[PDB]
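Asks: My structure is in upload39.pdb, and what it holds is PDB, C-alpha atoms:
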ATOM      1  CA  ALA A   1      22.904  -4.996  16.989  1.00  0.00           C
ATOM      2  CA  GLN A   2      22.496  -4.366  13.284  1.00  0.00           C
ATOM      3  CA  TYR A   3      18.685  -4.301  13.431  1.00  0.00           C
ATOM      4  CA  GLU A   4      17.280  -2.507  16.487  1.00  0.00           C
ATOM      5  CA  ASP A   5      13.831  -1.833  17.902  1.00  0.00           C
ATOM      6  CA  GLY A   6      13.429   1.936  17.760  1.00  0.00           C
ATOM      7  CA  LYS A   7      15.799   2.302  14.829  1.00  0.00           C
ATOM      8  CA  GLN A   8      14.763   0.538  11.584  1.00  0.00           C
ATOM      9  CA  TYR A   9      11.447  -0.638  12.991  1.00  0.00           C
ATOM     10  CA  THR A  10       9.215  -0.280  16.021  1.00  0.00           C
ATOM     11  CA  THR A  11       7.077  -2.792  17.905  1.00  0.00           C
ATOM     12  CA  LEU A  12       3.295  -2.500  18.230  1.00  0.00           C
ATOM     13  CA  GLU A  13       2.072  -2.390  21.831  1.00  0.00           C
ATOM     14  CA  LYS A  14      -0.980  -4.319  20.666  1.00  0.00           C
ATOM     15  CA  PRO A  15      -0.042  -7.101  18.184  1.00  0.00           C
ATOM     16  CA  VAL A  16      -2.702  -7.775  15.545  1.00  0.00           C
ATOM     17  CA  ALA A  17      -4.130 -11.285  15.452  1.00  0.00           C
ATOM     18  CA  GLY A  18      -4.347 -12.891  12.028  1.00  0.00           C
ATOM     19  CA  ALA A  19      -2.790  -9.939  10.217  1.00  0.00           C
ATOM     20  CA  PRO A  20      -1.281 -10.280   6.715  1.00  0.00           C
ATOM     21  CA  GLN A  21       2.411 -11.273   6.848  1.00  0.00           C
ATOM     22  CA  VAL A  22       3.501  -8.043   5.158  1.00  0.00           C
ATOM     23  CA  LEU A  23       0.941  -5.237   5.155  1.00  0.00           C
ATOM     24  CA  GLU A  24       1.419  -1.911   3.341  1.00  0.00           C
ATOM     25  CA  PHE A  25      -0.876   1.150   3.601  1.00  0.00           C
ATOM     26  CA  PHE A  26      -0.953   3.925   1.039  1.00  0.00           C
ATOM     27  CA  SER A  27      -3.084   6.566  -0.667  1.00  0.00           C
ATOM     28  CA  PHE A  28      -3.092   7.541  -4.300  1.00  0.00           C
ATOM     29  CA  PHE A  29      -3.254  11.151  -2.958  1.00  0.00           C
ATOM     30  CA  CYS A  30      -0.109  10.768  -0.886  1.00  0.00           C
ATOM     31  CA  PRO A  31       3.002  12.433  -2.403  1.00  0.00           C
ATOM     32  CA  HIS A  32       5.431  10.273  -0.407  1.00  0.00           C
ATOM     33  CA  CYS A  33       3.397   7.243  -1.510  1.00  0.00           C
ATOM     34  CA  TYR A  34       3.909   8.266  -5.152  1.00  0.00           C
ATOM     35  CA  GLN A  35       7.635   8.409  -4.444  1.00  0.00           C
ATOM     36  CA  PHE A  36       7.556   5.061  -2.617  1.00  0.00           C
ATOM     37  CA  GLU A  37       5.783   3.277  -5.430  1.00  0.00           C
ATOM     38  CA  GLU A  38       6.724   5.039  -8.653  1.00  0.00           C
ATOM     39  CA  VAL A  39      10.318   6.170  -7.967  1.00  0.00           C
ATOM     40  CA  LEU A  40      11.669   4.044  -5.104  1.00  0.00           C
ATOM     41  CA  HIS A  41       9.595   0.927  -5.943  1.00  0.00           C
ATOM     42  CA  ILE A  42       9.506  -0.078  -2.275  1.00  0.00           C
ATOM     43  CA  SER A  43       6.815  -2.777  -2.634  1.00  0.00           C
ATOM     44  CA  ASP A  44       8.665  -4.487  -5.449  1.00  0.00           C
ATOM     45  CA  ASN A  45      12.050  -4.362  -3.694  1.00  0.00           C
ATOM     46  CA  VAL A  46      10.475  -5.809  -0.561  1.00  0.00           C
ATOM     47  CA  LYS A  47       8.866  -8.606  -2.651  1.00  0.00           C
ATOM     48  CA  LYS A  48      12.207  -9.558  -4.240  1.00  0.00           C
ATOM     49  CA  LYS A  49      13.775 -10.334  -0.884  1.00  0.00           C
ATOM     50  CA  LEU A  50      10.871 -11.979   0.914  1.00  0.00           C
ATOM     51  CA  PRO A  51      11.123 -15.564   2.158  1.00  0.00           C
ATOM     52  CA  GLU A  52       9.285 -18.307   0.299  1.00  0.00           C
ATOM     53  CA  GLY A  53       5.622 -18.505   1.275  1.00  0.00           C
ATOM     54  CA  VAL A  54       5.327 -14.882   2.421  1.00  0.00           C
ATOM     55  CA  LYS A  55       2.631 -12.851   0.621  1.00  0.00           C
ATOM     56  CA  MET A  56       2.548  -9.030   0.425  1.00  0.00           C
ATOM     57  CA  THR A  57      -0.728  -7.204   1.058  1.00  0.00           C
ATOM     58  CA  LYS A  58      -1.404  -3.581   0.131  1.00  0.00           C
ATOM     59  CA  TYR A  59      -4.370  -1.529   1.382  1.00  0.00           C
ATOM     60  CA  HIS A  60      -5.587   1.939   0.451  1.00  0.00           C
ATOM     61  CA  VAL A  61      -6.674   4.501   3.067  1.00  0.00           C
ATOM     62  CA  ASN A  62      -9.586   6.945   3.219  1.00  0.00           C
ATOM     63  CA  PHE A  63      -8.275   9.932   5.122  1.00  0.00           C
ATOM     64  CA  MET A  64      -6.743  11.858   2.232  1.00  0.00           C
ATOM     65  CA  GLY A  65      -8.897  13.374  -0.480  1.00  0.00           C
ATOM     66  CA  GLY A  66     -12.402  13.401   0.934  1.00  0.00           C
ATOM     67  CA  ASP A  67     -15.013  11.850  -1.296  1.00  0.00           C
ATOM     68  CA  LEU A  68     -12.497  10.984  -4.001  1.00  0.00           C
ATOM     69  CA  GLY A  69     -10.207   9.389  -1.442  1.00  0.00           C
ATOM     70  CA  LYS A  70     -12.993   7.005  -0.455  1.00  0.00           C
ATOM     71  CA  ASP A  71     -13.802   6.368  -4.103  1.00  0.00           C
ATOM     72  CA  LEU A  72     -10.134   5.412  -4.492  1.00  0.00           C
ATOM     73  CA  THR A  73     -10.331   2.954  -1.574  1.00  0.00           C
ATOM     74  CA  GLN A  74     -13.397   1.388  -3.200  1.00  0.00           C
ATOM     75  CA  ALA A  75     -11.632   1.235  -6.571  1.00  0.00           C
ATOM     76  CA  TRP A  76      -8.601  -0.369  -4.930  1.00  0.00           C
ATOM     77  CA  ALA A  77     -11.049  -2.942  -3.523  1.00  0.00           C
ATOM     78  CA  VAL A  78     -12.227  -3.536  -7.086  1.00  0.00           C
ATOM     79  CA  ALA A  79      -8.630  -3.917  -8.208  1.00  0.00           C
ATOM     80  CA  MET A  80      -8.039  -6.529  -5.481  1.00  0.00           C
ATOM     81  CA  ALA A  81     -11.287  -8.349  -6.287  1.00  0.00           C
ATOM     82  CA  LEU A  82     -10.447  -8.538 -10.013  1.00  0.00           C
ATOM     83  CA  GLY A  83      -6.729  -9.171  -9.523  1.00  0.00           C
ATOM     84  CA  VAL A  84      -5.669  -6.220 -11.651  1.00  0.00           C
ATOM     85  CA  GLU A  85      -3.545  -4.266  -9.163  1.00  0.00           C
ATOM     86  CA  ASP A  86      -0.497  -4.404 -11.449  1.00  0.00           C
ATOM     87  CA  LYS A  87      -2.465  -2.911 -14.305  1.00  0.00           C
ATOM     88  CA  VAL A  88      -3.959   0.052 -12.509  1.00  0.00           C
ATOM     89  CA  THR A  89      -1.453   1.126  -9.840  1.00  0.00           C
ATOM     90  CA  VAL A  90       0.662   3.258 -12.163  1.00  0.00           C
ATOM     91  CA  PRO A  91      -2.182   4.994 -14.060  1.00  0.00           C
ATOM     92  CA  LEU A  92      -4.076   5.692 -10.803  1.00  0.00           C
ATOM     93  CA  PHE A  93      -0.991   7.286  -9.216  1.00  0.00           C
ATOM     94  CA  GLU A  94      -0.287   9.253 -12.379  1.00  0.00           C
ATOM     95  CA  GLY A  95      -3.937  10.193 -12.838  1.00  0.00           C
ATOM     96  CA  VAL A  96      -4.250  11.579  -9.331  1.00  0.00           C
ATOM     97  CA  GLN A  97      -0.813  13.112  -8.904  1.00  0.00           C
ATOM     98  CA  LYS A  98       0.907  13.621 -12.272  1.00  0.00           C
ATOM     99  CA  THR A  99      -1.764  14.611 -14.774  1.00  0.00           C
ATOM    100  CA  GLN A 100      -4.456  15.361 -12.136  1.00  0.00           C
ATOM    101  CA  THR A 101      -7.009  14.036 -14.584  1.00  0.00           C
ATOM    102  CA  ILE A 102      -8.666  11.975 -11.865  1.00  0.00           C
ATOM    103  CA  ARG A 103     -11.201  14.187 -10.154  1.00  0.00           C
ATOM    104  CA  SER A 104     -14.273  11.956  -9.864  1.00  0.00           C
ATOM    105  CA  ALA A 105     -15.334   8.323  -9.504  1.00  0.00           C
ATOM    106  CA  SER A 106     -15.994   8.247 -13.249  1.00  0.00           C
ATOM    107  CA  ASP A 107     -12.401   9.338 -13.927  1.00  0.00           C
ATOM    108  CA  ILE A 108     -11.191   6.424 -11.786  1.00  0.00           C
ATOM    109  CA  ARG A 109     -13.355   4.012 -13.737  1.00  0.00           C
ATOM    110  CA  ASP A 110     -11.881   5.336 -17.006  1.00  0.00           C
ATOM    111  CA  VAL A 111      -8.449   4.122 -15.890  1.00  0.00           C
ATOM    112  CA  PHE A 112      -9.823   0.607 -15.508  1.00  0.00           C
ATOM    113  CA  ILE A 113     -11.688   0.786 -18.843  1.00  0.00           C
ATOM    114  CA  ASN A 114      -8.516   2.026 -20.557  1.00  0.00           C
ATOM    115  CA  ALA A 115      -6.556  -0.797 -18.939  1.00  0.00           C
ATOM    116  CA  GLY A 116      -8.847  -3.392 -20.514  1.00  0.00           C
ATOM    117  CA  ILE A 117     -11.286  -4.102 -17.706  1.00  0.00           C
ATOM    118  CA  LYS A 118     -14.786  -4.411 -19.202  1.00  0.00           C
ATOM    119  CA  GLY A 119     -17.314  -1.811 -18.034  1.00  0.00           C
ATOM    120  CA  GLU A 120     -19.809  -4.410 -16.931  1.00  0.00           C
ATOM    121  CA  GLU A 121     -17.038  -6.203 -15.017  1.00  0.00           C
ATOM    122  CA  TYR A 122     -15.960  -3.017 -13.235  1.00  0.00           C
ATOM    123  CA  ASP A 123     -19.498  -1.925 -12.404  1.00  0.00           C
ATOM    124  CA  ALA A 124     -20.491  -5.347 -11.059  1.00  0.00           C
ATOM    125  CA  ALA A 125     -17.417  -5.362  -8.820  1.00  0.00           C
ATOM    126  CA  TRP A 126     -17.897  -1.726  -7.760  1.00  0.00           C
ATOM    127  CA  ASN A 127     -21.429  -2.393  -6.548  1.00  0.00           C
ATOM    128  CA  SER A 128     -20.671  -5.832  -5.068  1.00  0.00           C
ATOM    129  CA  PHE A 129     -20.788  -6.820  -1.409  1.00  0.00           C
ATOM    130  CA  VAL A 130     -17.453  -8.596  -1.898  1.00  0.00           C
ATOM    131  CA  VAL A 131     -16.009  -5.131  -2.585  1.00  0.00           C
ATOM    132  CA  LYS A 132     -17.901  -3.604   0.361  1.00  0.00           C
ATOM    133  CA  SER A 133     -16.248  -6.184   2.633  1.00  0.00           C
ATOM    134  CA  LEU A 134     -12.870  -5.410   1.042  1.00  0.00           C
ATOM    135  CA  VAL A 135     -13.380  -1.712   1.827  1.00  0.00           C
ATOM    136  CA  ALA A 136     -14.311  -2.627   5.394  1.00  0.00           C
ATOM    137  CA  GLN A 137     -11.259  -4.915   5.662  1.00  0.00           C
ATOM    138  CA  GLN A 138      -8.970  -2.068   4.649  1.00  0.00           C
ATOM    139  CA  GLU A 139     -10.559   0.284   7.190  1.00  0.00           C
ATOM    140  CA  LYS A 140     -10.450  -2.354   9.944  1.00  0.00           C
ATOM    141  CA  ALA A 141      -6.784  -3.076   9.270  1.00  0.00           C
ATOM    142  CA  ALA A 142      -5.997   0.635   9.641  1.00  0.00           C
ATOM    143  CA  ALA A 143      -7.775   0.642  12.989  1.00  0.00           C
ATOM    144  CA  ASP A 144      -5.948  -2.495  14.097  1.00  0.00           C
ATOM    145  CA  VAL A 145      -2.451  -1.043  13.613  1.00  0.00           C
ATOM    146  CA  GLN A 146      -3.649   2.333  14.974  1.00  0.00           C
ATOM    147  CA  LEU A 147      -2.579   3.916  11.697  1.00  0.00           C
ATOM    148  CA  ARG A 148      -1.537   7.570  11.835  1.00  0.00           C
ATOM    149  CA  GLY A 149      -0.113   8.204   8.400  1.00  0.00           C
ATOM    150  CA  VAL A 150       0.990   6.783   5.052  1.00  0.00           C
ATOM    151  CA  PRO A 151       3.073   5.260   3.605  1.00  0.00           C
ATOM    152  CA  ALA A 152       3.341   2.566   6.278  1.00  0.00           C
ATOM    153  CA  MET A 153       4.240  -1.099   6.468  1.00  0.00           C
ATOM    154  CA  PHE A 154       3.674  -3.657   9.196  1.00  0.00           C
ATOM    155  CA  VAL A 155       5.106  -7.161   9.481  1.00  0.00           C
ATOM    156  CA  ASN A 156       3.255 -10.140  11.059  1.00  0.00           C
ATOM    157  CA  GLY A 157       0.971  -7.644  12.796  1.00  0.00           C
ATOM    158  CA  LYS A 158       3.795  -7.025  15.266  1.00  0.00           C
ATOM    159  CA  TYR A 159       6.389  -4.686  13.780  1.00  0.00           C
ATOM    160  CA  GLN A 160       6.181  -1.292  12.070  1.00  0.00           C
ATOM    161  CA  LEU A 161       8.762  -0.162   9.544  1.00  0.00           C
ATOM    162  CA  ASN A 162      10.563   3.011  10.671  1.00  0.00           C
ATOM    163  CA  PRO A 163      12.092   4.611   7.559  1.00  0.00           C
ATOM    164  CA  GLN A 164      13.060   7.747   9.539  1.00  0.00           C
ATOM    165  CA  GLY A 165      15.538   5.508  11.381  1.00  0.00           C
ATOM    166  CA  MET A 166      17.220   4.399   8.123  1.00  0.00           C
ATOM    167  CA  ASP A 167      19.611   6.190   5.672  1.00  0.00           C
ATOM    168  CA  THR A 168      18.042   8.798   3.297  1.00  0.00           C
ATOM    169  CA  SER A 169      21.185   9.999   1.436  1.00  0.00           C
ATOM    170  CA  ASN A 170      21.242   7.548  -1.369  1.00  0.00           C
ATOM    171  CA  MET A 171      17.732   6.600  -2.334  1.00  0.00           C
ATOM    172  CA  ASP A 172      19.037   3.209  -3.347  1.00  0.00           C
ATOM    173  CA  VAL A 173      20.808   2.494  -0.050  1.00  0.00           C
ATOM    174  CA  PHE A 174      17.550   3.551   1.671  1.00  0.00           C
ATOM    175  CA  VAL A 175      15.453   1.188  -0.451  1.00  0.00           C
ATOM    176  CA  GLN A 176      17.859  -1.694   0.175  1.00  0.00           C
ATOM    177  CA  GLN A 177      17.807  -1.071   3.925  1.00  0.00           C
ATOM    178  CA  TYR A 178      14.024  -0.907   3.925  1.00  0.00           C
ATOM    179  CA  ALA A 179      13.721  -4.161   1.983  1.00  0.00           C
ATOM    180  CA  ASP A 180      16.427  -5.875   4.101  1.00  0.00           C
ATOM    181  CA  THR A 181      14.597  -4.765   7.243  1.00  0.00           C
ATOM    182  CA  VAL A 182      11.283  -6.255   6.107  1.00  0.00           C
ATOM    183  CA  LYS A 183      13.025  -9.553   5.362  1.00  0.00           C
ATOM    184  CA  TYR A 184      14.678  -9.529   8.809  1.00  0.00           C
ATOM    185  CA  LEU A 185      11.301  -8.848  10.431  1.00  0.00           C
ATOM    186  CA  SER A 186       9.565 -11.614   8.475  1.00  0.00           C
ATOM    187  CA  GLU A 187      12.041 -14.141   9.932  1.00  0.00           C
ATOM    188  CA  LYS A 188      11.914 -12.688  13.459  1.00  0.00           C
TER
END
As C-alpha cells, what does this structure read like?
Replies:
Amino acid sequence: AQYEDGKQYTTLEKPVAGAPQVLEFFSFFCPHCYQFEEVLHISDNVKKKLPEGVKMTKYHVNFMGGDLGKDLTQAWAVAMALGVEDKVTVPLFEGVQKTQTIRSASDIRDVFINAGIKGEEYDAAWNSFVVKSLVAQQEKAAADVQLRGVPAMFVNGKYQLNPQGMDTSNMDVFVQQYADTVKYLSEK
C-alpha cells in the first residue's frame, strides 16, 4: 500500500488513552527540532492539512540542556497557559540556538517581556500551580509514548511518525509526505 506500518509511521504497542489527537514533542535545544520548526515548518504544514475538528498539541521535553532545559519546559508551560506560543516559539529557538543569548531562566523571561507579555503576568504564570500541572502533563505524555528522542509526533495515541521511512532528498517533498502521513493517520 501507499502508507505502510513500518515505513512512514509505526504503531505503539501500548496505545495511550485520552491522548491529544496530534501530539508533537520537541526541545528548544534540539538542532533537528530547530530545522523542523524554523526551516521545514513541519507543525504548520501538518496543521494546513488536518481534518476539521482536529487540534494539534505541542509539548517540550526536559532531557536536553540540564537545568535550562527544564526551565524551557516550564516556560513552554507558561506559553501554553497564556496562549502566546506563536509569539515566543521563534525567539526561543533563535535565542537558544542561533544567538545563544539564552543561558538562564531570566534570559527566557526576557523573550516573553520583549514579546509584550507583562512581567507580572509572566511571573504569576511561572509560579502558578496551573503551570506546574502543565509541566507534569508534558512529562507524563513523554512517559506514555515511551519517548526516546525528539522531534517526535504521535497521532491518536496510537501511531508514531517515522520520518526515516520517508524521502529526505527534497526537503519540500519530505515535508509534504510528513504532513500527508499525519492526515492519513488522523483518519485511520
Asks: Counting all atoms listed in the file, what is within 8 Å of region 8-12 of chain A, bar same-chain residues fewer than 4 positions away, as a list in words?
Replies: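 With the cut-off at 8 Å, the set is residues 3, 4, 145, 157, 158, 159, 160, 161, 162, 163, 164, 165, 166, 178 and 181 of chain A.
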Asks: If the PyMOL selection byres ((chain A and resi 70) around 12) were run on this exact file, what residues would it hold? Put them as a compact mmCIF listing (two decimals) with C-alpha atoms, keeping the file's coordinate frame.
Replies:
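Result written to result.txt:
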# COMPACT_ATOMS: atom_id res chain seq x y z
CA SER A 27 -3.08 6.57 -0.67
CA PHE A 28 -3.09 7.54 -4.30
CA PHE A 29 -3.25 11.15 -2.96
CA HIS A 60 -5.59 1.94 0.45
CA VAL A 61 -6.67 4.50 3.07
CA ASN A 62 -9.59 6.94 3.22
CA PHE A 63 -8.28 9.93 5.12
CA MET A 64 -6.74 11.86 2.23
CA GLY A 65 -8.90 13.37 -0.48
CA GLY A 66 -12.40 13.40 0.93
CA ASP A 67 -15.01 11.85 -1.30
CA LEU A 68 -12.50 10.98 -4.00
CA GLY A 69 -10.21 9.39 -1.44
CA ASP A 71 -13.80 6.37 -4.10
CA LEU A 72 -10.13 5.41 -4.49
CA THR A 73 -10.33 2.95 -1.57
CA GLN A 74 -13.40 1.39 -3.20
CA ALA A 75 -11.63 1.24 -6.57
CA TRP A 76 -8.60 -0.37 -4.93
CA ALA A 77 -11.05 -2.94 -3.52
CA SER A 104 -14.27 11.96 -9.86
CA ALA A 105 -15.33 8.32 -9.50
CA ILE A 108 -11.19 6.42 -11.79
CA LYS A 132 -17.90 -3.60 0.36
CA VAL A 135 -13.38 -1.71 1.83
CA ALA A 136 -14.31 -2.63 5.39
CA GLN A 138 -8.97 -2.07 4.65
CA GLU A 139 -10.56 0.28 7.19
Asks: Rounded to one decimal place, report the CA of residue 22 (chain A)-CA of residue 154 (chain A) distance in Å.
Replies: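 Going from CA of residue 22 (chain A) over to CA of residue 154 (chain A) covers 6.0 Å.
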Asks: Closest to residue 26 (chain A) among A:98, A:48, A:153, A:182, using all atoms listed in the file?
Replies: A:153
Asks: What gap, in Å, lies between CA of residue 23 (chain A) and CA of residue 102 (chain A)?
Replies: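 Going from CA of residue 23 (chain A) over to CA of residue 102 (chain A), I get 26.0 Å.
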Asks: What residues come out when you apply the PyMOL selection byres ((chain A and resi 152) around 6) to this file, written as a list in words?
Replies: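 So the PyMOL selection byres ((chain A and resi 152) around 6) ends up selecting residues 24, 25, 150, 151 and 153 of chain A.
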Asks: Choose the residue, out of A:155, A:53, A:81, A:39, that has the smallest atom-to-atom separation from residue 129 (chain A); count only C-alpha atoms.
Replies: A:81
Asks: Padding 6 Å on each side, edges along x, y and z: where is the centre of the box around the listed atoms of region 136-153 of chain A, and how long are its edges in Å to one decimal? Output it as JSON.
Replies:
{"center_x": -5.0, "center_y": 1.6, "center_z": 9.3, "size_x": 30.6, "size_y": 25.1, "size_z": 23.4}
Asks: For residue 112 (chain A), work out the shell of residues within 10 Å, counting all atoms listed in the file and skipping chain neighbours fewer than 4 positions away, then give it as a list in words.
Replies: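 Contacts, in chain order: residues 75, 78, 79, 84, 87, 88, 91, 92, 107, 108, 116, 117, 118, 119, 121 and 122 of chain A.
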Asks: With C-alpha atoms retained, write the just-selected residues as a PDB file, in the frame of the given file.
Replies:
ATOM      1  CA  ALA A  75     -11.632   1.235  -6.571  1.00  0.00           C
ATOM      2  CA  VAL A  78     -12.227  -3.536  -7.086  1.00  0.00           C
ATOM      3  CA  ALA A  79      -8.630  -3.917  -8.208  1.00  0.00           C
ATOM      4  CA  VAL A  84      -5.669  -6.220 -11.651  1.00  0.00           C
ATOM      5  CA  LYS A  87      -2.465  -2.911 -14.305  1.00  0.00           C
ATOM      6  CA  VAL A  88      -3.959   0.052 -12.509  1.00  0.00           C
ATOM      7  CA  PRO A  91      -2.182   4.994 -14.060  1.00  0.00           C
ATOM      8  CA  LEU A  92      -4.076   5.692 -10.803  1.00  0.00           C
ATOM      9  CA  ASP A 107     -12.401   9.338 -13.927  1.00  0.00           C
ATOM     10  CA  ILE A 108     -11.191   6.424 -11.786  1.00  0.00           C
ATOM     11  CA  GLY A 116      -8.847  -3.392 -20.514  1.00  0.00           C
ATOM     12  CA  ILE A 117     -11.286  -4.102 -17.706  1.00  0.00           C
ATOM     13  CA  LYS A 118     -14.786  -4.411 -19.202  1.00  0.00           C
ATOM     14  CA  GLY A 119     -17.314  -1.811 -18.034  1.00  0.00           C
ATOM     15  CA  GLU A 121     -17.038  -6.203 -15.017  1.00  0.00           C
ATOM     16  CA  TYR A 122     -15.960  -3.017 -13.235  1.00  0.00           C
TER      17      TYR A 122
END
Asks: If you measure from CA of residue 36 (chain A) to CA of residue 171 (chain A), what distance in Å do you get, rounded to one decimal?
Replies: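 Distance reported for this atom pair: 10.3 Å.
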Asks: Any chance you could model N, CA, C and O atoms for region 97-114 of chain A and send them as an mmCIF file, in the coordinates of the input?
Replies:
data_model
loop_
_atom_site.group_PDB
_atom_site.id
_atom_site.type_symbol
_atom_site.label_atom_id
_atom_site.label_comp_id
_atom_site.auth_asym_id
_atom_site.auth_seq_id
_atom_site.Cartn_x
_atom_site.Cartn_y
_atom_site.Cartn_z
ATOM 1 N N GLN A 97 -1.905 12.218 -9.277
ATOM 2 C CA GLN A 97 -0.813 13.112 -8.904
ATOM 3 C C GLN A 97 0.001 13.699 -10.028
ATOM 4 O O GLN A 97 0.702 14.643 -9.762
ATOM 5 N N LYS A 98 0.033 13.101 -11.215
ATOM 6 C CA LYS A 98 0.907 13.621 -12.272
ATOM 7 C C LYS A 98 0.074 14.484 -13.216
ATOM 8 O O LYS A 98 0.267 15.695 -13.346
ATOM 9 N N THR A 99 -0.871 13.859 -13.893
ATOM 10 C CA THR A 99 -1.764 14.611 -14.774
ATOM 11 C C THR A 99 -2.924 15.312 -14.064
ATOM 12 O O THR A 99 -3.498 16.260 -14.615
ATOM 13 N N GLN A 100 -3.281 14.846 -12.863
ATOM 14 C CA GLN A 100 -4.456 15.361 -12.136
ATOM 15 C C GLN A 100 -5.701 15.325 -12.980
ATOM 16 O O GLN A 100 -6.530 16.228 -12.901
ATOM 17 N N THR A 101 -5.848 14.244 -13.737
ATOM 18 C CA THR A 101 -7.009 14.036 -14.584
ATOM 19 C C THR A 101 -8.047 13.183 -13.872
ATOM 20 O O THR A 101 -9.133 12.944 -14.402
ATOM 21 N N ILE A 102 -7.716 12.739 -12.664
ATOM 22 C CA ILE A 102 -8.666 11.975 -11.865
ATOM 23 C C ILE A 102 -9.272 12.864 -10.809
ATOM 24 O O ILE A 102 -8.624 13.231 -9.832
ATOM 25 N N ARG A 103 -10.525 13.234 -11.026
ATOM 26 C CA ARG A 103 -11.201 14.187 -10.154
ATOM 27 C C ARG A 103 -12.554 13.670 -9.686
ATOM 28 O O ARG A 103 -13.219 14.315 -8.880
ATOM 29 N N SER A 104 -12.987 12.536 -10.230
ATOM 30 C CA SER A 104 -14.273 11.956 -9.864
ATOM 31 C C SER A 104 -14.215 10.437 -9.945
ATOM 32 O O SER A 104 -13.265 9.880 -10.490
ATOM 33 N N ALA A 105 -15.251 9.775 -9.436
ATOM 34 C CA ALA A 105 -15.334 8.323 -9.504
ATOM 35 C C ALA A 105 -15.330 7.853 -10.956
ATOM 36 O O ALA A 105 -14.751 6.820 -11.273
ATOM 37 N N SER A 106 -15.994 8.604 -11.834
ATOM 38 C CA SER A 106 -15.994 8.247 -13.249
ATOM 39 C C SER A 106 -14.586 8.270 -13.852
ATOM 40 O O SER A 106 -14.243 7.417 -14.685
ATOM 41 N N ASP A 107 -13.768 9.238 -13.429
ATOM 42 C CA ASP A 107 -12.401 9.338 -13.927
ATOM 43 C C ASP A 107 -11.581 8.136 -13.470
ATOM 44 O O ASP A 107 -10.719 7.669 -14.205
ATOM 45 N N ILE A 108 -11.843 7.646 -12.257
ATOM 46 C CA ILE A 108 -11.191 6.424 -11.786
ATOM 47 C C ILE A 108 -11.558 5.241 -12.666
ATOM 48 O O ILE A 108 -10.704 4.487 -13.121
ATOM 49 N N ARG A 109 -12.853 5.098 -12.919
ATOM 50 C CA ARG A 109 -13.355 4.012 -13.737
ATOM 51 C C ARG A 109 -12.714 4.027 -15.122
ATOM 52 O O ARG A 109 -12.365 2.976 -15.651
ATOM 53 N N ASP A 110 -12.523 5.216 -15.690
ATOM 54 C CA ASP A 110 -11.881 5.336 -17.006
ATOM 55 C C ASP A 110 -10.508 4.659 -17.052
ATOM 56 O O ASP A 110 -10.145 4.023 -18.042
ATOM 57 N N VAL A 111 -9.749 4.780 -15.970
ATOM 58 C CA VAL A 111 -8.449 4.122 -15.890
ATOM 59 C C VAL A 111 -8.593 2.614 -16.053
ATOM 60 O O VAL A 111 -7.803 1.976 -16.748
ATOM 61 N N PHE A 112 -9.601 2.037 -15.395
ATOM 62 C CA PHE A 112 -9.823 0.607 -15.508
ATOM 63 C C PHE A 112 -10.281 0.237 -16.917
ATOM 64 O O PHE A 112 -9.795 -0.745 -17.483
ATOM 65 N N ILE A 113 -11.190 1.037 -17.484
ATOM 66 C CA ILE A 113 -11.688 0.786 -18.843
ATOM 67 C C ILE A 113 -10.513 0.834 -19.824
ATOM 68 O O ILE A 113 -10.343 -0.065 -20.663
ATOM 69 N N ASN A 114 -9.680 1.871 -19.695
ATOM 70 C CA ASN A 114 -8.516 2.026 -20.557
ATOM 71 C C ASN A 114 -7.527 0.886 -20.398
ATOM 72 O O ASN A 114 -6.845 0.518 -21.358
#
